[PDB]
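Data block below; observations after.
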Amino acid sequence: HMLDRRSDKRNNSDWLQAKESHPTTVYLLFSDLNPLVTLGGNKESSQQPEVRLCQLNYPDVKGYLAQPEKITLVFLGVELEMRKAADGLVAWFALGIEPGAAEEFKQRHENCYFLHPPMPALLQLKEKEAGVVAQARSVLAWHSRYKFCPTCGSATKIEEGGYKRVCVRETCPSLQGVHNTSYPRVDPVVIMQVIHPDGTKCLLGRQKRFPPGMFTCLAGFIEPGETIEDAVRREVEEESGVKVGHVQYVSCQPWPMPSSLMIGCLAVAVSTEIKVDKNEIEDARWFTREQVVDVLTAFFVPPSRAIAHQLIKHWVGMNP
Amino acid sequence: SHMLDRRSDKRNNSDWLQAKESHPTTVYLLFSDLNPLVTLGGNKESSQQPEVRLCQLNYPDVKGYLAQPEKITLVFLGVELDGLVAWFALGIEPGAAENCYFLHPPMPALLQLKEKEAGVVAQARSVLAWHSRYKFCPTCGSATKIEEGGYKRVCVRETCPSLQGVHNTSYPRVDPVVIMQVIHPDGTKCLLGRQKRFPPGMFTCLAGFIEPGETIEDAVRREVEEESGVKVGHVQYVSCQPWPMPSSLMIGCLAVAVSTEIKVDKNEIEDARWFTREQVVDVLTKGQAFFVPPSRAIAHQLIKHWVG
Ligand SMILES: Nc1ncnc2c1ncn2[C@@H]1O[C@H](COP(=O)(O)O)[C@@H](O)[C@H]1O
Ligand SMILES: Nc1ncnc2c1ncn2[C@@H]1O[C@H](COP(=O)(O)O)[C@@H](O)[C@H]1O
Ligand SMILES: [Mg+2]
Ligand SMILES: [Mg+2]
Ligand SMILES: [Mg+2]
Ligand SMILES: [Mg+2]
Ligand SMILES: [Mg+2]
Ligand SMILES: [Mg+2]
Ligand SMILES: [Zn+2]
Ligand SMILES: [Zn+2]
């Protein structure tokens with residue numbers, strides 16, 4: 001990650017309040033969960049215009065901050081190097097604002113714009129910036145849909161730097177002991193590059209909503225009581241009929257749509273017959289290594305920053 | 001291999017689920033306050049020591065509970081691996097709850113179940129626990145209704161945003177947790193810690209929840225450094241263990257420290273130390289003024305994996 005989350009500061013109201021108006025503090029502005037970005041404008045993002053975060057400071061956002069009931073403020077962390085309250089730490093916050101306010105901003109700064117739609121525009125951000133966006137967007141998305149207490153239905157209030165919501169009903173069981181109802185949600189999702197029993201093909205599928213010709217790795221949410229490997233085997237068989245043996249973890253990608261942790265795996269199929277569950281996917285097929293090589297250089301796959309692309313590209317290079 | 005095929009394709013088949021409720025081969029697992037009904041001994045597996053196993057009930061054992069649907073919670077677990085033997089979990093109230101008994105307390109008594117039965121309890125307990133604490137719509141606060149064999153809750157307010165599109169507010173929660181065996185730079189020691197609440201002498205792997213926006217490996221590095229001050233480099237995934245307290249997925253990793261100095265937070269972790277392979281070997285066998293979780297806990301499996 002690009003920041004140190006400094007979760008120990010989340011219950012330090014005085015420190016958080018002081019940092020809000022400190023001149024070194026960085027703000028990332030969000031409207032309807034979309035981050036404010038800019039194209040080009042420095043050396044790295046120049047040779048072809050690259051999308052980068054529009055980093056704001058207190059003088060840019062002070063008017064939003066002075067209406068706390070209309071904003072959602074999340075402490076993201078501090079920069080990894082300290083500069084020469086006044087502790088040398090450079091704080092970052094995510095600031096979610098109302099649409100009226102965002103319009104008045106868009107007329108104020110012409111070079112910055114809100115990134116949308118989230119898929120695939122978030123894949124345009126460089127890795128370090130994409131990670132902080134995934135943190136900020138996932139927490140703001142949680143706040144947008146978890147305003148009421150799941151245990152009793154009452155209103156809740158934000159606490160702990162944006163990382164906790166607390167029911168206002170004093171008698172509520174959610175307030176006795178520690179419960180996940182207080183805290184942001186992380187949904188684990190397995191996504192799997194599935195290799196044919198003969199090592200020369202891989203299994204890819206699509207949903208009816210996908211652009212014509214796009215195919216990608218099968219994926220699904222891990223269920224309660226399931227391991228990573230269990231979910232890979234179950235989801236592949238559900239959607240495509242294919243039975244899976246060995247499952248190998250490869251890498252992760254946080255995917256803030258709203259709050260998914262993509263757990264990327266390589267899996268070896270032990271059967272070949274395909275039986276598509278139309279209620280989930282429209283199509284699943286075996287693609288030869290040669291076909292996939294042709295496409296990485298009559299179907300196509302997600303862009304290179306998507307984990308599915310990284311899994312497919314990794315496989316193309318493995319020893320058959 | 002597993003006890004059950006989840007057959008999630010059946011969860012929206014209300015006619016099939018209903019037919020199975022009274023079928024003579026259907027098995028029910030009874031839960032009181034999220035604790036499973038179990039039994040000790042009584043088959044070939046206990047010829048040596050009495051072993052805990054699930055107390056499998058059938059329709060005539062639970063039919064009085066089913067006659068009061070507003071007082072129970074019913075979850076379709078799957079079919080054994082139409083000839084299909086359906087399993088359900090049935091959560092009841094403490095009042096309604098002599099060779100069976102409710103397994104309590106969950107830590108460490110759940111660790112007495114054999115792995116294949118532990119997997120079914122983790123499924124059932126976590127879904128039941130979700131229903132206990134997620135009865136209202138997080139998006140608007142209205143009441144909700146159970147659907148899909150116990151795997152969905154649906155807001156009763158027709159205009160609610162939760163009903164336009166697909167949203168995680170409808171579905172069971174799974175909380176990813178990293179737990180990590182952390183090896184000293186010199187390769188000869190591992191880092192273990194404890195909380196004040198722990199029984200005296202107990203040490204275990206550090207662990208913590210993955211945050212929004214974070215990878216497995218970054219959560220390991222962040223939590224180790226938060227809790228113990230130790231900085232971590234390489235992180236390797238090893239294996240998982242679902243832990244239904246209420247709904248955690250323990251993601252077990254081996255990590256290499258790149259610093260040596262410990263600095264404990266004295267808020268979550270009251271103590272953390274480097275333990276040599278010899279100290280740990282002694283404690284996996286039996287001799288040391290400390291001890292670790294039992295063998296079915298993923299921390300014990302990770303510590304064992306490390307010593308070879
Ligand atoms: N946490 C969640 N967020 C969104 N959808 C979920 C979640 N858990 C289960 N689902 C269901 O999972 C479906 C997607 O299938 P899959 O991604 O293959 O598991 C969605 O259409 C939902 O019905
Ligand atoms: N899903 C969750 N369930 C319970 N506690 C959580 C959750 N997410 C964050 N927390 C917090 O994490 C603390 C435990 O620390 P750790 O397990 O080391 O991350 C709890 O006491 C809560 O304050
Ligand atoms: Mg899927
Ligand atoms: Mg699924
Ligand atoms: Mg699926
Ligand atoms: Mg911890
Ligand atoms: Mg911790
Ligand atoms: Mg933590
Ligand atoms: Zn409440
Ligand atoms: Zn609602």
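Below, read A as the first sequence line, B as the second, and so on, with proteins coming before strands; counting in each chain starts at 1. Both ligands and their constituent atoms are indexed starting at 1 by order of listing.
Partners of A/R185 under the side chain to side chain donor-acceptor pair (under 3.5 Å) rule, at least two apart in sequence or in another chain, are A/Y146, A/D187.
For the pair B/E147 and B/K145, the salt-bridge criterion is met [side-chain N within less than 4.0 Å of a carboxylate O]. We find that B/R222 and B/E226 are joined by a salt bridge, their nearest charged nitrogen and carboxylate oxygen being less than 4.0 Å apart. Look at A/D87 and A/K19 and you find a salt bridge, because one of the NZ, NE, NH1 or NH2 atoms lies within 4.0 Å of a carboxylate O, short of that distance. Using a cut-off of 4.0 Å between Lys/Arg side-chain N and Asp/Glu carboxylate O, A/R6 and B/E211 are scored as not salt-bridged.
Ring-centre distance between A/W142 and A/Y163: not below the 6.0 Å cut-off. Between B/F290 and B/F275, the ring centre distance stays below 6.0 Å.
Between the side chain of B/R296 and the backbone N or O of B/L111 there is at least one donor-acceptor pair closer than 3.5 Å. Put simply, the side chain of B/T169 never gets that close to the backbone of B/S162: no donor and acceptor are under 3.5 Å apart.
Under a cut-off of 6.0 angstrom, the local environment of CD in A/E170 is sparse, with at most 12 non-hydrogen atoms contributed by other residues, nucleotides or ligands. A 6.0 Å sphere centred on NZ of B/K152 holds more than 12 heavy atoms belonging to other residues, nucleotides or ligands. Annotation: B/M202, atom CE; neighbour count of heavy atoms from other residues, nucleotides and ligands within 6.0 Å is above 12.
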Can you give me a line-by-line list of nitrogen or oxygen pairs between ligand 2 and the protein shorter than 3.5 Å?
from	atom 1	to	atom 2	distance (Å)
ligand 2	1 (N)	B/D175	OD2	3.4
ligand 2	18 (O)	B/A207	O	3.0
ligand 2	18 (O)	B/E223	OE1	3.1
ligand 2	18 (O)	B/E227	OE2	2.8
ligand 2	18 (O)	B/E268	OE1	3.0
ligand 2	18 (O)	B/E268	OE2	2.8
ligand 2	19 (O)	B/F209	N	3.0
ligand 2	19 (O)	B/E223	OE2	2.9
ligand 2	23 (O)	A/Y183	OH	2.9

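Excluding water, every protein N/O/S atom under 2.8 Å from the Mg ion (ligand 8) is given here by residue and atom: B/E223 OE2. Listed by chain and number, B/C137 SG, B/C140 SG, B/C155 SG, B/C160 SG are the protein N/O/S atoms closer than 2.8 Å to the Zn ion (ligand 10), with waters left out.
For the residue pair A/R165 / A/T156, a side-chain donor-acceptor distance below 3.5 Å is found, with atom types taken as modelled.
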